[PDB]
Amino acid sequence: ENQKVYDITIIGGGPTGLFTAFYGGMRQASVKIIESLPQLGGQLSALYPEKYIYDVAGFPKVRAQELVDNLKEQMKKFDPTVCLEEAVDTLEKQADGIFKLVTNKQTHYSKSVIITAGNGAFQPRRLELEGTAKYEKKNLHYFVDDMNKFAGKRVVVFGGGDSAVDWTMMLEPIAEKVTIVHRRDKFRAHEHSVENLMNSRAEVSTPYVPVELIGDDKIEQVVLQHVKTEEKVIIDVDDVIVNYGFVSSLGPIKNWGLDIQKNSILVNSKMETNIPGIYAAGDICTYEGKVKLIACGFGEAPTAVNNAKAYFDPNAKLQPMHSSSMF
């Protein structure tokens, strides 16, 4: 890329966007996936990677994350450009019909856009304390990418979920001290992971809620409050890590000039929105009879690709070659 006009840009790397990316390869289009999170997989990877799915055609029983791995494998053949940690904010048609898409990182350009944004861009749930916002460019963390930057550091983890415990286990042998804070004594996690949390050098502050962060520019202390007694505890830290889960909402998608009803983008049977060049597929799209199912999003995706391919490549046919004759 740089300055490069792609053919098909996909907003959303959930399962629908992954299969959209694959089928863009089947039609020889230059393909981009733009995804809000630093991982692909949408609801499947973020909100339930361990559940079994029973209604994808041809899988009597498949685990959610292994379906996403299958999908990433299937597309690996045409190597689409994946742009993680980017949330599309503005989307406009410029004077010559090309789309300009602006994220928090950069500008992208595209001949057609297939929005597969599901229930909207995923963000980690924000910490609800009025001071916090100023710390995000410093030592308040919602992701634990490069874990070794916490070697010999004092670190606190807010959250009582399965994901929160696991990040604690990962940090206890890395950090000088690690502490986990949750408002009830029962953690919402696996018995073996709680047992391993209990039996380690990680301090477990329950039933408390954080009530204050102290620091001029970097966080330096955290104030906790017992939920029953109202007594307080103070902790010195080098880094604070929030893990309250994920949230999603349409957000800026409602400012792109699209026809939207009950948080769904309206499409016709070509997966076309009201703006020539823009398509939608998967949980975010709707039409008469639409059913929010993964098998249905997998059918909408090649319809959108094949119709978009006919929109930007006037010398191409709507029907693709049999895949059994291409490899």
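Residue indices: 1-based, along the sequence shown.
When 301 to 309 is weighed against 314 to 322, 314 to 322 comes out higher, by mean CA B-factor as recorded in the entry. For the pair 104 to 112 and 133 to 141, the mean Cα B-factor is higher in 133 to 141. Considering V209, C83, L91, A151 together, the PDB entry gives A151 the largest C-alpha B factor. The top Cα temperature factor in the record, among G251, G97, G161, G118, falls on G161. When all modelled residues of the chain are sorted by CA temperature factor, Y279 is found within the lowest third.
When all modelled residues of the chain are sorted by CA temperature factor, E50 is found within the highest third.
Ranked by C-alpha B-factor against the other modelled residues of its chain, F187 falls in the highest third. When the modelled residues of the chain are ordered by C-alpha B-factor, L127 sits in the middle third.
When the modelled residues of the chain are ordered by C-alpha B-factor, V181 sits in the middle third.
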